[PDB]
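Structural features, examined
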Amino acid sequence: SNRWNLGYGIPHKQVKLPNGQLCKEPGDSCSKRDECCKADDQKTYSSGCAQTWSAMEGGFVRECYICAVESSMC
């Protein structure tokens, strides 16, 4: 589960949410899918925060991820 998997390397643009809190980072636990922001090229890369078996955390937790929609290889 390298950082690349969460598209962390990819350059993203941070922004303030209407909820009052800031967007969620890739790899870190989130509160809701809506918390997950979009990448610079959301049109090509799909962003989202869903539960994922974490060996370190020891429990299903929603972690942000960013990958290419057309580029399945990603």
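What counts, and where the lines are drawn
Note on numbering: every chain is counted from 1 along its sequence as written, possibly out of step with the entry's scheme, and residues lacking coordinates are dropped from view. Note that water and hydrogens are dropped before the side-chain values are worked out from all heavy atoms of the structure. Only runs of H or I of at least four residues qualify as helices and only runs of E of at least two qualify as strands under DSSP, and these elements are numbered from the N terminus. The reference for a compact globule is 2.2 Å times residues^0.38; the radius of gyration itself is calculated from the C-alpha atoms. We get accessible surface area from the Shrake-Rupley algorithm with a probe of 1.4 Å; when it comes to residues, only the shown protein chains can shield them. We count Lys and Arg on the positive side and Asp and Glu on the negative side, and we leave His and both chain ends out. By convention, the point assigned to a charge is CZ for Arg, NZ for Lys, CD for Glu and CG for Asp. Lining residues are defined by having an atom within 4 Å of a point belonging to a cavity or pocket. Those points lie on a 1 Å grid over the protein atoms alone, cavities being sets where a 1.4 Å probe fits but cannot get out and pockets being open sets with protein on both sides within 12 Å along at least five of seven lines. Grid points are joined across faces, edges and corners, and a volume is the space filled by probe spheres set on the points. Three categories are distinguished: nonpolar for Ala, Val, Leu, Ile, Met, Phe, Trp, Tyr, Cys and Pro, charged for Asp, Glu, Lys and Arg, and polar for the others, with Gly belonging to the last. Throughout, disulfides are identified as pairs of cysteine sulfur atoms within 2.5 Å of each other. Note on exposure labels: buried denotes an accessible area under 20% of the residue type's maximum, exposed denotes more than 50%, and partly exposed covers the range between, all computed with a 1.4 Å probe on protein chains only. Two rings belonging to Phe, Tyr or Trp (six-membered ring only in the last case) form a pair when the distance between their centres is within 6.5 Å. Interplanar angles under 30 degrees mark stacking, angles over 60 mark edge-to-face geometry, and anything in between is tilted.

Structure determination for this PDB entry was carried out by solution NMR, as recorded in the header.

1. Concerning the overall build of the protein chain
Broken down by element type, the protein chain carries zero helices and two strands. Radius of gyration (C-alpha) of the protein chain: 12 Å, near the 11 Å computed for a compact globule of 74 residues. Dimensions along the principal axes, computed over C-alpha positions, put the protein chain at roughly 35 × 35 × 15 Å. Accessible area of the protein chain: about 6000 Å², with a carbon and sulfur share of 48%. Side chains of the protein chain give 9 positive and 9 negative charges; the mean places of these two sets differ by 6 Å.

2. Some points on the layout of surface pockets
There is about 480 Å³ of room inside the largest pocket. In terms of lining residues, the largest pocket is bounded by 18 residues, among which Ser1, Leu6, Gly27, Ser54 and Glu63 are the most central. Here the residues of the lining of the largest pocket are counted per class, giving eight nonpolar, six polar and four charged. Computed from the structure, the second largest pocket encloses a volume of approximately 250 Å³. As for the second largest pocket, its lining consists of 13 residues, and the residues nearest its centre are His12, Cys23, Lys24, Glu25 and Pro26. When the residues that make up the lining of the second largest pocket are grouped by side-chain class, the tally is seven nonpolar, two polar and four charged.

3. Some thoughts on the state of the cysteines
Enumeration according to the criterion identifies four disulfides in this entry. Here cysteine 23 pairs with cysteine 37 through a disulfide, and the sulfurs are 2.0 Å apart. With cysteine 23 in the segment before β1 (45–52) and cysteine 37 in the segment before β1, this residue pair connects regions lying 14 residues apart in the sequence. Two residues share a disulfide in this structure: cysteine 67 and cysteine 74, whose sulfurs sit 2.1 Å from each other. Its torsion about the S-S bond being -125°, the disulfide of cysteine 67 and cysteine 74 is classed as left-handed. For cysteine 74, a relative accessible area of 48% translates into the label partly exposed. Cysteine pairing for the protein chain, with bonded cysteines counted in sequence order: 1-4, 2-5, 3-6, 7-8.

4. Focus on the packing of aromatic side chains
For any pair of aromatic rings, the description consists of the separation of the ring centres together with the inter-plane angle of the planes. Evaluation of the coordinates by the stated rule reveals one aromatic pair. Aromatic pair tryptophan 53 and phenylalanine 60: ring centres 5.4 Å apart, planes at 70°, arrangement edge-to-face. The class for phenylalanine 60 is exposed, based on a relative accessible area of 55%.

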